[PDB]
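Have a look below at one chain only, the form deposited in one PDB entry, in structure tokens format.
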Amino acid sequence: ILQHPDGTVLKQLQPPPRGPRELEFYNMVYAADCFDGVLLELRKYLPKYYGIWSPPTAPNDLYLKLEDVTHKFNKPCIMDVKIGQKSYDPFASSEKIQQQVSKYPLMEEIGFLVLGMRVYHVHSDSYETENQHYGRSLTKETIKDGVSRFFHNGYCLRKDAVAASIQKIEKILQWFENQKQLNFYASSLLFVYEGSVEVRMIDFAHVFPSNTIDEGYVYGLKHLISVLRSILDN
């Protein structure tokens, strides 16, 4: 992800087939002549899409031009959470499945994985960053405290941001409970709050047509909501 001053991010397409699939996803959703009520509603929860972009002198180098969801914040606190019970898609080989489950074998049980966070700390005027090994080290015993860490800001637990996060996730869940045409694998929620709320769906390299509820994604959202709810009792 490259941040542009104009309030956008440029995401370089991942190698095939992932990058092309993510392009086609954005193209389908933001199709100008689209009057599909499900897809129109979905736009609210995605970054705004500004189309494919490539450098003037390099047509080979493909990017997506997306809304920077963090742009309107002064000191954004950011957390990326991968959602679902399976991080592999319906066309993965046995080895790919093994690779994906190996990456975090608790995905089925918990239904989400923290990819990382950046937390602004007022007292030090500095950022605490956690990488992918942080979330992958979390178990059922430590997931609540693992998530809570994100909301430690301003000499307190930011229960305001926790409650707001629940409310925004709930709307996304409502969308998922009113559609059976898309299933989402290895996609994320980006959480942002002001450290000095946004919750948006990102990363669509493994979104596929379906004729069923995305039960794994729903499970993930519900468990995430349950964890966040518990944090409100801290």
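A residue's number is simply how far along the shown sequence it sits, counting from 1. For clarity, a rigid core is taken as the largest C-alpha set superposing within 1.5 Å between two forms.
Where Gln174 is followed by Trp175 in the displayed chain, the model omits none of the deposited residues that would sit between the two. Looking at mean Cα B-factors across 35-43 and 22-30, the upper value is held by 35-43. Per the PDB record, of the two stretches 45-53 and 184-192, 45-53 carries the greater mean B-factor over its C-alpha atoms. Among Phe73, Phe112, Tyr120, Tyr88, the highest C-alpha B-factor in the deposited entry belongs to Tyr120.
In the PDB entry, a CA B factor belonging to the highest third of its chain's modelled residues is recorded for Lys140. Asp80: CA B factor lies in the lowest third for its chain, per the PDB record.
Ranked within its chain, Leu224 lands in the lowest third, by CA B factor from the PDB record. Residue-level temperature factors show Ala58 in the highest third of its chain, judged at the C-alpha atom.
Per the PDB record, residue ranking by Cα B-factor puts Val101 in the middle third of the chain.
The following text describes the form deposited in another entry, which does not appear among the structures shown.
Just one of the listed positions, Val81, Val119, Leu138, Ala161, moves its Cα by at least 2 Å between the shown form and the other one when the rigid core is held fixed, and it is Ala161. Relative to the superposed core, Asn27 undergoes a C-alpha shift smaller than 2 Å between the shown form and the other one. When the rigid core is held fixed, the Cα atom of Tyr49 travels less than 2 angstroms between the shown form and the other one. When two forms of a protein are overlaid on their rigid core, residues whose CA moves 2 Å or more are considered shifted, and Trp175 is one of them between the shown form and the other one.
An increase of at least 3 Å in the separation of the C-alpha atoms of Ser165 and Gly111 is found in the other entry, compared with the displayed form.
Relative to the displayed conformation, the Cα-Cα distance from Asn74 to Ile166 shrinks by 3 Å or more in the other entry.
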